[PDB]
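Just one chain follows, in the form deposited in one PDB entry, and it is written as structure tokens.
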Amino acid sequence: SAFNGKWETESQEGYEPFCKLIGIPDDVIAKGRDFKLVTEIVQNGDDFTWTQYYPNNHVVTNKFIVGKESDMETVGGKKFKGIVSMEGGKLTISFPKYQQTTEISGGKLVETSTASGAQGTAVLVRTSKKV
């Protein structure tokens, strides 16, 4: 039940280098920095429903079972299959060019992603507070 509830972005460390690495144009990075994503999580043990509230009523819902291959969807609508493991309370997914670790730390939702681009890699640390 640890991840349960509604969360709101308070900080995004590495935000601009991360966005720059993955092709986002600089003008929209500068506009995008003040956007604070709201996340709603229903966790029933190993069963998760992860909802992100993007601009313009663009609700992105991902459902998964921990340690079991699950159908997932990106912000752009790309469907893919993935496995979210839990390692000491930390949710984790790994691809050859992408990794994410999500945890509850100091009562906050902390999301750490790493991506490969042509320049090298970039790391984003997003921290959300409970609403």
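So that there is no doubt, residue numbering starts at 1 and follows the sequence shown. Each form is matched to the other, and the largest set of C-alpha atoms that superpose within 1.5 Å is called the rigid core.
There is another form of the same protein, the form deposited in another entry; it is not shown, and what comes next is about it.
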item	value
Displaced residue between the shown form and the other one, judged on C-alpha after the rigid core is fitted, out of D26, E73, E87, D46 (threshold 2 Å or more)	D26
Core fit, then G120 C-alpha moves 2 Å or more between the shown form and the other one	yes
Did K36 shift 2 Å or more between the shown form and the other one, C-alpha, core superposed	no
Threshold 2 Å Cα movement between the shown form and the other one for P96, core superposed	yes
